[PDB]
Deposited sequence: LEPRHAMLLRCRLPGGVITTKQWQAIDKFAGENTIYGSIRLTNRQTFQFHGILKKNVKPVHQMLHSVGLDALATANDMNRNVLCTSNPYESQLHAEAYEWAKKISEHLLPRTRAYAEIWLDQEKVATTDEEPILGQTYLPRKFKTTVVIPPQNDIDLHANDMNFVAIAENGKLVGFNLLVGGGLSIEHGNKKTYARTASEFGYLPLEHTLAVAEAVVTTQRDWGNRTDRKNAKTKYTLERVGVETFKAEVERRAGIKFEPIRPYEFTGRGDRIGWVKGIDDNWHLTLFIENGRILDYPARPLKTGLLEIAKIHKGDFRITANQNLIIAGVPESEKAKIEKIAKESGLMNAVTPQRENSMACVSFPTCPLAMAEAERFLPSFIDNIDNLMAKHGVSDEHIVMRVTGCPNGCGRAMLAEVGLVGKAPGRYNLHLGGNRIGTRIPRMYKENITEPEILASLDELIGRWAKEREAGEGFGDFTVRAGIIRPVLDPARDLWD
């Protein structure tokens, strides 16, 4: 169980070659697993740190987790600055004992690929003339719950206000320390920032942060999100550069018969001029490809099976690791997803909505690593082959889905979705997402204030 610290998911080809060798020669599984926090994991290590240190990498007493940063912004020029900040915040937070783990992100609107609402502290980038001027601060998200425990809940992050770029580190430090001091001491299931906020009140927490940071928050600056998915395929970057995002099912990199994904990426790493970017959706970006090099890269990716076409549905689906390695797993997630989506693909076709997508996620237990508590349709593992079915989130990930059915099997889940997708296909307004539709049509009540109305 080794996971590397890699702010913003940026990894060089020199580092990639080193981790590729290790994975193949020194682990039981022989795979590289991309995580939804923009980093990677080895499974079944039979020296790991010596290998990491040799290529300038380190593995994380420390309660901090990998700092995320939007991987492929529409305004491509903004990535460099945003990434510099994610790296500075990461280094700033490097070892104070936090009550529970603390998660941070740097977001570039209109993309919410990093799923800000699942994190403790989020810096939403505000730019003026292609340059960052400051950040809107949102605090308090977290998705972990305990089955049947109405004292636990998934919570979205709350807006605090805007801060100029110069106050970033002082503000980051103030949020961390306030949480460290005010976090619950008796209980660990109630130590997370989301619980502290609900206990003391957002304004109380905000006031202490301003006091500690020595600033006063300005009113929030306008921002909107349009989606959370990756931009699969080729997109034009800045200058004569291009970015190729490869869809990797479950982020599982291994050589399969007829699809040598691992060898393919190694061959690309050997000729690639730039670096790679691991996304929050468990995919990989071959970044900074000069136009002249496009054909060489695509040839390898094509031959290796890395560019095999899948439906928009599959591109917007996700699952956590779960079995066989997770010791806390209740139901299959990663190993269940491929065939489950084969079934969903058929239902979408049956109803004439094959070009559409529903943000669908499977998490193996309520800890919520697969981020099902921010999905339009979320499945939460309860027992072998059984899940709680949640409905009602939205495409952008700003609403928690309420439990619709409890402890049901795949056939029961499919039967319910066949009916609902059928209704959505016929009764939806123009451009209306599935989650919003279930709420509008009265199929499920929305969750308007999680700490108080998540549980029926």
Sequence order list of spans that the model leaves without C-alpha positions, deposited numbering = 1-7, 54-58, 73-75, 111-136
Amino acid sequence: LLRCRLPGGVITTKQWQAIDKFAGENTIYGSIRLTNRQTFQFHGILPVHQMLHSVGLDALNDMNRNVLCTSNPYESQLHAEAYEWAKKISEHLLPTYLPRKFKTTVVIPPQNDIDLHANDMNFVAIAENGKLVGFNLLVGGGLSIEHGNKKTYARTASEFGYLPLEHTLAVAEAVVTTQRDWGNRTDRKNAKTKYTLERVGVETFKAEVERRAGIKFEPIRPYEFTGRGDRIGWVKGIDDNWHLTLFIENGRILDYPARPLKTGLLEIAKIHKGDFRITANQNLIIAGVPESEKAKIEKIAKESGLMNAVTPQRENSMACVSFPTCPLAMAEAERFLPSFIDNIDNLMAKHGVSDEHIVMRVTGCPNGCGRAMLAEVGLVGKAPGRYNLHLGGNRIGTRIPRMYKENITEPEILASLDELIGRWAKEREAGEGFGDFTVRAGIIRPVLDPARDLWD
From here on, numbers count along this sequence of modelled residues.
Greater mean Cα temperature factor according to the PDB record, 374-382 or 268-276 = 268-276
297-305 versus 160-168 - greater average Cα B-factor per the deposited record = 297-305
Say you rank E332, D120, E91, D342 by Cα B-factor from the PDB entry; which sits at the top?
-> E91
Per the PDB entry, which option out of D115, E218, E356, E146 has the greatest Cα B factor?
-> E218
For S71, does the deposited CA B-factor place it in the lowest, middle or highest third of the chain?
-> lowest
Tell me, lowest, middle or highest third: where does the Cα B factor of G141 rank within its chain?
-> lowest
C-alpha B factor of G435, ranked within the chain: lowest, middle or highest third?
-> lowest
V202 by Cα B-factor - lowest, middle or highest third of the modelled chain | highest
What third of its chain's C-alpha B-factors does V310 belong to: lowest, middle or highest?
-> middle
